[PDB]
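# Coordinate analysis (summary)
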Amino acid sequence: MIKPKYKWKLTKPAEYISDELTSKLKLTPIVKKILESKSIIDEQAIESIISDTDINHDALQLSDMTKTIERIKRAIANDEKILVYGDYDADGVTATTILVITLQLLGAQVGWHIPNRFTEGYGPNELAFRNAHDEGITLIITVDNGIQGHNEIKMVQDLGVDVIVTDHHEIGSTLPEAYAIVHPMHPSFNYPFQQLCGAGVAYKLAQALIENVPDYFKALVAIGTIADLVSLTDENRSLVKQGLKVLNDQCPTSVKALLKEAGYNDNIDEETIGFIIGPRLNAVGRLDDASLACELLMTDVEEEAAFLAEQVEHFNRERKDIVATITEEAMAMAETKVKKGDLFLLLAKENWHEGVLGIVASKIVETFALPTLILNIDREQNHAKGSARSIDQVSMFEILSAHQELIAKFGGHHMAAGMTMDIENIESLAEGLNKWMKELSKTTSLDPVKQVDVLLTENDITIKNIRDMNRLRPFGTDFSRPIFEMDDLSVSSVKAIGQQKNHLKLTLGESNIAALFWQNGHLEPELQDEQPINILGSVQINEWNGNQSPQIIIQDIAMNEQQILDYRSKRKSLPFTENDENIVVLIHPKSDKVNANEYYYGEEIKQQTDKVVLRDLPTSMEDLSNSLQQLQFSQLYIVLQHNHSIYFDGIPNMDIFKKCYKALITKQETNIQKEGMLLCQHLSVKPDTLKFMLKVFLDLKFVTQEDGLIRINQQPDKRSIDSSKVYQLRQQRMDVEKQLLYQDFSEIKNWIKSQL
Ligand SMILES: [Mg+2]
C-alpha cells in the first residue's frame, strides 16, 4: 500500500455562497468551492477578488515621503550627482530600473550600483559609499536595502553625502541616521498597505515624483512583488493584475527577449513571473553580479536585449547545474544523518557554491521535512558560510540564538537564515540543534502537513470549470494557490515517463482524467494492479495540437483501502515493536505512558497516524470517536487489552441503591466487614457491586468512610439521582464491552466506518 507523505487537513467550509449570487455572478462549482474554502462569501469580497478597480493610496502618506520628494527635486535642480543603491534580488533589480528611469525622466545625473553577493554582500558597504563620495555623489537613494545600515549611512552622511533609505524588510528597534527613511512598516507613520515590495515602494515614490508612471513600471513591480513573495492582497494584487495585463498586451522589449531564451510564448501569469522570469534574474546575482539583469531591464533595443538575454539564460543554465551537483552530494549526506536519526540536517562540505545554498536547502527540507543548515567549508578563509531553511514547527531564529555561542554571525527569521561560523564548531553545533529538536519532538509534532482547500469530484473537472478558475488569479501569499483532494479514484492507466523513467503518467477514474506525478515514476509497479487511490494536487489545462485537455499535477498520493485487523486476542502477534515510532498506540489512564507512541484517547496525537493500534479498551466510545475522528490511517490494529469484565456483573438497578441507603440510614455508622454479607443479602447483590454503590455514595458525598466504617453526611447536596461520574464510568464501560469486546468484528467495522 502506498503511504501518504503528508498529513492532510481538509477545510470543511462552514459557510456556503448563496445559490442566487452563484447565479448572479456566474460562479461555476470550482471557483465556488475555492472561494468558500477561503470563506469569501459576501458580494463585496467576491467582487473585490473578481473586480479590477485598482487599489491606490496616496504615496504621500508614506514615511518621510514629502521630505524625500523635495530632496530629490533639489538635487536635479542643482545638477547634483545621484546614485541608486540596490540589491541583487529580483525586487531590487526591478526597483532600481523604476527609480533610475524615473530620475532619467526628471533629467537627473543618476547612476546605479548593485552590491556583489560575495565581494560586498547585502546592504550598504563602507567602500562603495566612500567611493561614491570620491565620485562627487551627493545623494544616495537605496532600494530594497538600508533599513539596517546605520553605521555605513552615518559615516557617509558625516562625509556630506545624504542617504534616502527605501526598503520593506523588517525594521529593527533602531532606525538608521539618514535624511529620510521610506518604509511601509515605519513606526512614526501609518500607510494603508504595509506589505509592499521594494519595487512597490519605488512605484509609489515614482507616482509622487511624476504624476503618471510608465506602464512598464507596473509590470516591473509585478515581477518583484511575486518574487519577494509579499502579500498578494490589497495593493499588490491590483498592480499584479495590471502588471500581468501589461506583460500580455504590451510586452516589454526586455522581458520579451528573456522568454524567447526560455522558449516560452504562452499567456503570462503569476507562475511565469514566479518560476520563469523571477528565477532567471536571481541567477545572475547568485553566480555573477545582477547589473546584467538591471541592464536587461533597462534596455529596450531588441538587438542588445537579445544579446543580454543570452548572457542571463547562460547563468540560468549554470545555476541548474551547480544546484544539481551540490544537491546530489547533499542528498547523499542527508540520507545518512536521517538514517542515524538526526532531526536537524546540518550539512557542511567544501567547494559548495554559496550563491545557490539557500536553494539547495529548500530542496532538502522538502525532501525530508526537517530543518536544514547547508554550509560551505572555505578552508582558504577558515569560515563556514551557508544557508538555512526551516519547517513551520521550528523557528530558525530561536534555535540558532539558543546555540549562538558556537556561531560568529547569523541573520534571518523563523523560516530561513544566513550564517558564518568556524569549521571546528560544526560537529559541536549539529549535536546541539539535534538535542533542541529531539526535545521539541515531544512538546511538538514534526510530521509534514498539507492544507487542502477543496474536495473536488470527477464531475467538476471540466475545461470550462478549470479556466474560470483562471478568474480568481493572481494566486500567492495570503491568497495561496488552491490544493484539491480527489478520493476513490481508479488507476486506469499507469506508465513511467522520462529519460530515466522518474516521472509517472496516470489516467484517473472512469472519466479517465490525465494526471502526472513528477519524480515518482518508481511507484508504477505498485499501481499496476487495479487499485483505488486518493490524490492531492492542482488542476491545469494541457494543450496538444490545438486540443485542450484537463490535467492534474499530483503532489501526494494515498491508497483508499482502510484495513481493520482483529488482534483482540493476539496482542503478542502485532507486526511491529511497541517502540516503532511509525505506529501510534492509543491507551487509557490505567496504564502509564512509557513510549511517545503511547498517546491516551481523546488526546490529540499529531504524529502521522497511518498505522494505529487500539491497545487499551476506550474509557468511552466518544473518547475513541475523538481519537478516531482525527485519524488518517491505512491499517487499524484492534488489540483492546482489558484485565476484567462487567458485561454480566451488571449495574445495580436504582431501586437497589435506595435499598442500600435504607440500611445506611438505619444504623448511621456501619462496618462492611461484619455487615457487608447481610447487607449484600437483603439487596440480593454481590460484594463487588456493593463497593460500586458505596463508591458512588462517597462520590455523591451522601456518605463518608474511614477504615471500613461508613458514616452518613445527613442532608447532602442533591447533586443527582445516583448520576455520579463513577456511575457514568460504569455505564460507558458496559457500553464499550457490548460493542467492542463481546460483539462481532463485522459490526465493529461498520461503526468505525461510521466515524471515519
Ligand atoms: Mg525586496
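The deposited coordinates derive from X-ray crystallography, with the record listing a resolution of 2.80 Å.

### Things to note about the overall build of the protein chain
Helix and strand counts for the protein chain stand at 25 helices and 26 strands. The dimensions of the protein chain, computed from C-alpha atoms along their principal axes, are 115 × 65 × 60 Å. Looking at the protein chain as a whole, 51% of its 756 residues qualify as buried. Only carbon and sulfur atoms are counted for the fraction: they give 47% of the accessible area of the protein chain, which is about 36600 Å². For the protein chain, the distance from the average site of its 78 positive side-chain charges to the average site of its 110 negative ones is 9 Å.

### A closer look at the state of the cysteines
Counted according to the given criterion, the structure contains zero disulfides. Among the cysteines around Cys251, which has no disulfide bond, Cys294 carries the closest sulfur, lying 18 Å off. Look at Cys251 and you get partly exposed, because its relative accessible area is 22%. The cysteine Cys680 is free of any disulfide, with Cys660 supplying the nearest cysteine sulfur at 8.5 Å. A relative accessible area of 7% means that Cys680 is categorised as buried.

### A closer look at helix α5 (residues 90-105)
The terminal C-alpha atoms of α5 lie 23 Å apart, and with 16 residues this matches the ideal 22 Å at 1.5 Å per residue to within 8%. Of all 16 residues making up α5, 14 are buried, and the element is well covered by its neighbours. A positive phi of about 70° marks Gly107, the residue just after α5.

Procedures and definitions
Residues numbered from 1 in each chain as written, not as in the entry; some residues may be left out. Heavy atoms only, no water. Helix = DSSP H or I, 4+ residues; strand = E, 2+ residues; numbered from the N terminus. Buried < 20%, exposed > 50% of the residue type's maximum accessible area, 1.4 Å probe, protein only. Areas by Shrake-Rupley, 256 points an atom, 1.4 Å probe, with all protein chains shown as cover. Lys, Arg positive; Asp, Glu negative; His and termini not counted. Charge placed at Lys NZ, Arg CZ, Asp CG, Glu CD. Disulfide = S-S within 2.5 Å. Expected span 1.5 Å × (residues − 1).

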